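Asker: Quick one: structure below, then a few questions.
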Amino acid sequence: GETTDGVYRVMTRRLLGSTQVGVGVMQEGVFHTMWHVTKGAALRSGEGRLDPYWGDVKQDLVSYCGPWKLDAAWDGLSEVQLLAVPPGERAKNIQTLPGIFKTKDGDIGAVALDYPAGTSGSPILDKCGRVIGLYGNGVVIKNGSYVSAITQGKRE
Amino acid sequence: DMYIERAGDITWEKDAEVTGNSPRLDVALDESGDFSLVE
Ligand SMILES: Cc1cc(N)c2ccc(Cl)c(Cl)c2n1
């Protein structure tokens with residue numbers, strides 16, 4: 001059905017009413033979201049059907065209709081914008097300077113912003129508007145606040 | 001069954017709300033995709 005580029009909400013009817021479970025990015029005919037949002041399940045786009053194509057629980061990512069397309073990366077210096085799409089609220093750009101998740105396998109950018117769990121899959125953008133990663137997989141720090149990683153996939 | 005609904009264009013917006021800090025956190029990623037703090 002709808003295959004236009006942009007940001008989309010991932011919804012469900014299994015729970016009470018229409019509950020938003022996550023967010024995703026349509027780009028080049030491919031839907032990109034986080035694995036924990038859909039659990040690899042097929043999606044509906046109006047009358048059409050989005051079937052998974054690639055997924056990985058470790059990376060917490062999943063693409064529908066084709067391979068992962070988003071290949072931009074945080075430069076490690078510039079401020080970024082979280083295009084937050086919160087449950088029952090309008091899309092809203094929030095500018096921040098990312099922190100760092102230091103891991104044994106390398107450093108990853110991290111965004112210190114606290115939004116409902118149903119916001120997971122919201123894209124993070126560079127100054128060109130290119131998607132550098134997805135929000136929604138991270139850790140809870142000492143003060144109770146949430147810090148998500150900038151999660152990006154690998155384009156072939 | 002899950003479904004998708006459009007929420008907007010992907011553009012950088014000038015004069016957006018600038019908020020949030022930049023912490024440096026030592027973390028561990030497990031086989032299930034869960035991050036944990038290594039403090
Ligand atoms: C405790 C907490 C607080 C949040 N804002 C949050 C946002 C996204 C996701 Cl995926 C999770 Cl698990 C979250 N958990």
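We count from 1, first residue shown onward.
Header says: X-ray crystallography, 2.0 Å.
The backbone N, Cα and C atoms fix where each Cβ goes, and this holds for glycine too.
According to Swiss-Prot, the active site, charge relay system annotation covers A:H36, A:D60, A:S120.
Quick one: where do these features end up spatially?
Answerer: There are 20 other CB atoms within 10 A of the CB of A:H36 (active site, charge relay system), with all protein chains counted.
Cβ neighbour count for A:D60 (active site, charge relay system): 24 (other Cβ atoms within 10 Å of its Cβ, all protein chains included).
The Cβ of A:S120 (active site, charge relay system) lies under 8 Å from the Cβ of A:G22, A:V23, A:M34, A:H36, A:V37, A:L134, A:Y135, A:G136, A:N137, each of which sits 6+ residues away along the same chain. Classification of A:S120 (active site, charge relay system) by DSSP places it in coil, neither helical nor stranded.
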Asker: From the active-site residues A:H36, A:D60, A:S120, keep only those with a C-beta under 8 angstroms from any C-beta in chain B, and list them in sequence order.
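Answerer: Answer, by Cβ distance to chain B: A:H36, A:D60.
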